[PDB]
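Enquirer: Below you will find the structure I want to go over with you.
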Amino acid sequence: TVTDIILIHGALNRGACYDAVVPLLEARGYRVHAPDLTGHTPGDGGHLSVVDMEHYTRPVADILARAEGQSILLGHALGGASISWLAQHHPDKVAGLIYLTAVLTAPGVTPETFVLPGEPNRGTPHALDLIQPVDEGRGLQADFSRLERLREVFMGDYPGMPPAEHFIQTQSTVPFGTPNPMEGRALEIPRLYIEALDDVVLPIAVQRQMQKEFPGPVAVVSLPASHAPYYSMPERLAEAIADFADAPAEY
């Protein structure tokens with residue numbers, strides 16, 4: 001029943017960031033997607049172009065529409081906020097949810113609740129520190145005065161640096177404010193959390209707090225990884241992805 005797997009980029013990234021993995025999941029027989037979200041394609045308008053989440057996530061919904069059977073939505077970092085939103089609006093069309101060191105918020109809880117300082121086990125002080133407001137506050141951009149610091153925190157995973165086709169310049173604050181609207185059939189959908197144990201953007205302590213705070217069971221797999229599992233262990237990540245799309249409920 002599960003024909004398609006859809007990989008979804010986090011803040012200030014692009015679908016290309018997944019290139020190490022797309023062939024590995026194609027091998028296991030799926031149709032593999034790594035779209036760019038609205039405002040994440042150079043020359044598509046940029047961060048200000050994105051009205052809301054329905055508009056931010058439309059490129060995936062388009063795919064989900066064209067799927068032949070079921071689909072699996074993976075999200076990375078802020079990408080978790082998207083697959084949660086889509087799950088509620090296409091629960092017929094998606095058969096499982098992967099949150100790859102991603103933001104998973106209980107219904108009604110926004111992603112900033114965990115990005116911002118809070119108790120208990122909430123916030124990402126490294127990420128707020130290297131990501132600054134721009135455009136009178138309606139976009140976020142990295143802090144290029146500290147490039148090596150940017151690499152240590154976000155690109156540590158890359159062997160050796162990541163290519164330019166992986167990132168964008170400024171990110172819309174739309175997914176940050178919009179709460180998780182999941183309900184009903186949406187919550188039936190199986191859930192798995194791949195957590196990067198060595199992530200210091202989104203620290204393991206915050207990763208578990210979200211699983212705990214989320215109503216209902218979340219299956220869990222654990223990668224000894226930095227911020228990006230895909231860069232440093234595409235195989236290990238690809239396997240645990242394709243084992244989940246083989247049988248999401250049992251897994």
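The way I read the labels, and the way they are meant: chains A, B, ... in the order of the structure tokens, residue 1 as the first residue of every chain, and ligand 1 as the first ligand shown, with later ones counted on from there.
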Report as a PyMOL selection string all protein, DNA and RNA residues lying within 12 Å of residue 35 (chain A), evaluated on only C-alpha atoms, omitting residues in the same chain fewer than 3 positions from it.
Expert: chain A and resi 5-10+13-19+22+32+38-41+56-64+73-75+79+166
Enquirer: Hey, can you spit out that residue selection with C-alpha atoms as a tab-separated table (two decimals), in the first residue's frame?
Expert:
```tsv
chain	number	residue	atom	x	y	z
A	5	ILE	CA	8.33	8.31	0.59
A	6	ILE	CA	8.60	12.10	0.93
A	7	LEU	CA	11.64	13.70	2.59
A	8	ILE	CA	11.17	17.28	3.80
A	9	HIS	CA	13.90	19.80	4.59
A	10	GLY	CA	14.28	21.88	7.75
A	13	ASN	CA	17.71	24.05	3.82
A	14	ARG	CA	16.51	22.52	0.53
A	15	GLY	CA	15.41	19.06	-0.59
A	16	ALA	CA	18.81	18.52	-2.18
A	17	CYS	CA	20.17	18.19	1.35
A	18	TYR	CA	18.91	14.59	1.24
A	19	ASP	CA	20.86	13.47	-1.85
A	22	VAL	CA	17.29	9.37	-2.15
A	32	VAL	CA	11.31	8.91	-3.39
A	38	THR	CA	7.32	27.22	-0.88
A	39	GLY	CA	9.92	29.97	-0.71
A	40	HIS	CA	12.71	27.36	-0.75
A	41	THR	CA	13.49	27.58	-4.49
A	56	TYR	CA	4.10	26.44	2.64
A	57	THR	CA	3.27	22.73	2.37
A	58	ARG	CA	1.44	22.77	-0.98
A	59	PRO	CA	4.41	21.29	-2.94
A	60	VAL	CA	4.12	18.13	-0.80
A	61	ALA	CA	0.32	17.99	-1.02
A	62	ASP	CA	0.71	18.15	-4.81
A	63	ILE	CA	2.98	15.07	-4.61
A	64	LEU	CA	0.68	13.30	-2.15
A	73	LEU	CA	6.29	11.84	5.36
A	74	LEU	CA	9.69	12.41	6.93
A	75	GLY	CA	10.63	15.76	8.43
A	79	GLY	CA	10.42	20.04	8.97
A	166	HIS	CA	21.35	22.54	-0.14
```
Enquirer: Could you give me, as a tab-separated table (two decimals) with C-alpha atoms, in the first residue's frame, the residues within 6 Å of region 187-203 of chain A, counting only C-alpha atoms and dropping anything in the same chain fewer than 5 positions from it?
Expert:
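Output saved as part11.tsv:
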```
chain	number	residue	atom	x	y	z
A	96	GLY	CA	3.34	6.91	8.55
A	97	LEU	CA	5.30	9.83	9.95
A	98	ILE	CA	9.05	10.09	10.54
A	99	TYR	CA	10.43	12.87	12.72
A	100	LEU	CA	14.20	12.97	12.10
A	101	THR	CA	15.57	14.90	15.07
A	124	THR	CA	17.67	25.52	21.32
A	126	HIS	CA	22.77	27.45	19.88
A	127	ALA	CA	20.29	27.76	17.02
A	218	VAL	CA	5.90	7.35	19.48
A	219	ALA	CA	8.19	4.57	18.28
A	220	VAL	CA	11.83	5.62	18.60
A	221	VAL	CA	15.12	4.86	16.84
A	222	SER	CA	18.44	6.39	17.92
A	223	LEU	CA	21.36	7.39	15.65
A	224	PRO	CA	24.76	8.41	17.08
A	225	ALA	CA	24.56	11.60	15.08
A	226	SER	CA	25.02	15.33	14.94
A	227	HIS	CA	22.40	17.66	13.56
A	249	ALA	CA	2.19	-0.14	12.36
```
Enquirer: Leaving out residue 31 (chain A) and any residue of its chain fewer than 3 positions from it, which residues lie within 9 Å of it when counting only C-alpha atoms, given as a ChimeraX atom specification?
Expert: /A:3-6,25-26,67
Enquirer: Need to verify the contact set: residue 2 (chain A), 7 Å, only C-alpha atoms, exclusion of same-chain residues closer than 3 positions in sequence. Can you return it as an mmCIF file with C-alpha atoms, in the first residue's frame?
Expert:
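Saved as selection.cif:
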```cif
data_model
loop_
_atom_site.group_PDB
_atom_site.id
_atom_site.type_symbol
_atom_site.label_atom_id
_atom_site.label_comp_id
_atom_site.auth_asym_id
_atom_site.auth_seq_id
_atom_site.Cartn_x
_atom_site.Cartn_y
_atom_site.Cartn_z
ATOM 1 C CA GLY A 69 -0.932 4.444 -3.074
ATOM 2 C CA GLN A 70 0.214 5.468 0.424
ATOM 3 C CA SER A 71 3.024 7.818 1.353
ATOM 4 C CA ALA A 95 0.638 5.814 6.103
ATOM 5 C CA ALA A 245 7.583 2.102 5.217
#
```
Enquirer: Considering only strand (DSSP E) as DSSP defines it on the backbone, what residues of region 15-97 of chain A qualify? List them as a PDB file with N, CA, C and O atoms, in the first residue's frame.
Expert:
```pdb
ATOM      1  N   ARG A  31       9.243   5.116  -4.494  1.00  0.00           N
ATOM      2  CA  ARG A  31       9.319   6.308  -5.319  1.00  0.00           C
ATOM      3  C   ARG A  31       9.710   7.305  -4.244  1.00  0.00           C
ATOM      4  O   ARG A  31       9.066   7.370  -3.217  1.00  0.00           O
ATOM      5  N   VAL A  32      10.783   8.051  -4.445  1.00  0.00           N
ATOM      6  CA  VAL A  32      11.314   8.905  -3.390  1.00  0.00           C
ATOM      7  C   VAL A  32      11.275  10.366  -3.794  1.00  0.00           C
ATOM      8  O   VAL A  32      11.747  10.727  -4.875  1.00  0.00           O
ATOM      9  N   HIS A  33      10.747  11.208  -2.911  1.00  0.00           N
ATOM     10  CA  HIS A  33      10.605  12.636  -3.154  1.00  0.00           C
ATOM     11  C   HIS A  33      11.381  13.440  -2.107  1.00  0.00           C
ATOM     12  O   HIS A  33      11.462  13.049  -0.939  1.00  0.00           O
ATOM     13  N   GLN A  70      -0.066   4.746  -0.810  1.00  0.00           N
ATOM     14  CA  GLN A  70       0.214   5.468   0.424  1.00  0.00           C
ATOM     15  C   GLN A  70       1.572   6.141   0.366  1.00  0.00           C
ATOM     16  O   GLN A  70       2.422   5.816  -0.464  1.00  0.00           O
ATOM     17  N   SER A  71       1.784   7.069   1.292  1.00  0.00           N
ATOM     18  CA  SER A  71       3.024   7.818   1.353  1.00  0.00           C
ATOM     19  C   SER A  71       3.514   7.906   2.789  1.00  0.00           C
ATOM     20  O   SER A  71       2.750   7.731   3.740  1.00  0.00           O
ATOM     21  N   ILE A  72       4.812   8.147   2.927  1.00  0.00           N
ATOM     22  CA  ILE A  72       5.469   8.302   4.218  1.00  0.00           C
ATOM     23  C   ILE A  72       6.090   9.691   4.230  1.00  0.00           C
ATOM     24  O   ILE A  72       6.848  10.040   3.312  1.00  0.00           O
ATOM     25  N   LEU A  73       5.744  10.498   5.236  1.00  0.00           N
ATOM     26  CA  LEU A  73       6.294  11.841   5.365  1.00  0.00           C
ATOM     27  C   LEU A  73       7.383  11.835   6.421  1.00  0.00           C
ATOM     28  O   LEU A  73       7.110  11.575   7.600  1.00  0.00           O
ATOM     29  N   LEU A  74       8.605  12.141   6.003  1.00  0.00           N
ATOM     30  CA  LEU A  74       9.692  12.413   6.927  1.00  0.00           C
ATOM     31  C   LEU A  74       9.915  13.917   7.027  1.00  0.00           C
ATOM     32  O   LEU A  74       9.777  14.648   6.039  1.00  0.00           O
ATOM     33  N   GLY A  75      10.261  14.369   8.219  1.00  0.00           N
ATOM     34  CA  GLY A  75      10.626  15.761   8.433  1.00  0.00           C
ATOM     35  C   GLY A  75      11.897  15.873   9.244  1.00  0.00           C
ATOM     36  O   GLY A  75      12.139  15.084  10.159  1.00  0.00           O
ATOM     37  N   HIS A  76      12.671  16.876   8.932  1.00  0.00           N
ATOM     38  CA  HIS A  76      13.881  17.142   9.629  1.00  0.00           C
ATOM     39  C   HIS A  76      13.786  18.473  10.369  1.00  0.00           C
ATOM     40  O   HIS A  76      13.194  19.414   9.920  1.00  0.00           O
ATOM     41  N   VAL A  94      -1.457   9.348   3.731  1.00  0.00           N
ATOM     42  CA  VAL A  94      -0.159   9.093   4.343  1.00  0.00           C
ATOM     43  C   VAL A  94      -0.288   7.969   5.363  1.00  0.00           C
ATOM     44  O   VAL A  94      -1.262   7.910   6.125  1.00  0.00           O
ATOM     45  N   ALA A  95       0.685   7.051   5.341  1.00  0.00           N
ATOM     46  CA  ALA A  95       0.638   5.814   6.103  1.00  0.00           C
ATOM     47  C   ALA A  95       1.624   5.783   7.254  1.00  0.00           C
ATOM     48  O   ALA A  95       1.679   4.779   7.971  1.00  0.00           O
ATOM     49  N   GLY A  96       2.401   6.843   7.445  1.00  0.00           N
ATOM     50  CA  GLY A  96       3.337   6.911   8.555  1.00  0.00           C
ATOM     51  C   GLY A  96       4.046   8.246   8.564  1.00  0.00           C
ATOM     52  O   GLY A  96       4.035   8.992   7.583  1.00  0.00           O
ATOM     53  N   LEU A  97       4.679   8.530   9.697  1.00  0.00           N
ATOM     54  CA  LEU A  97       5.300   9.826   9.951  1.00  0.00           C
ATOM     55  C   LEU A  97       6.666   9.600  10.580  1.00  0.00           C
ATOM     56  O   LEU A  97       6.769   8.921  11.609  1.00  0.00           O
TER      57      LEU A  97
END
```
Enquirer: Have a look at A:144, A:176, A:30, A:158 and name the one nearest to residue 230 (chain A); count only C-alpha atoms.
Expert: A:158
Enquirer: For residue 234 (chain A), which of A:48, A:182, A:138, A:159 is the closest residue, counting only C-alpha atoms?
Expert: A:159
Enquirer: What parts of region 37-213 of chain A does DSSP call helix (DSSP H, G or I)? I'd like the answer as a ChimeraX atom specification.
Expert: /A:47-49,53-66,77-89,112-115,125-130,135-137,147-154,164-166,174-177,185-188,204-213
Enquirer: Taking only C-alpha atoms into account, which of A:228, A:53, A:24, A:104 comes nearest residue 162 (chain A)?
Expert: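 Of the candidates, the smallest distance to residue 162 (chain A) is held by A:228.
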Enquirer: In Å to one decimal, how far is CA of residue 103 (chain A) from CA of residue 232 (chain A)?
Expert: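 Straight-line distance from CA of residue 232 (chain A) to CA of residue 103 (chain A) works out to 20.3 Å.
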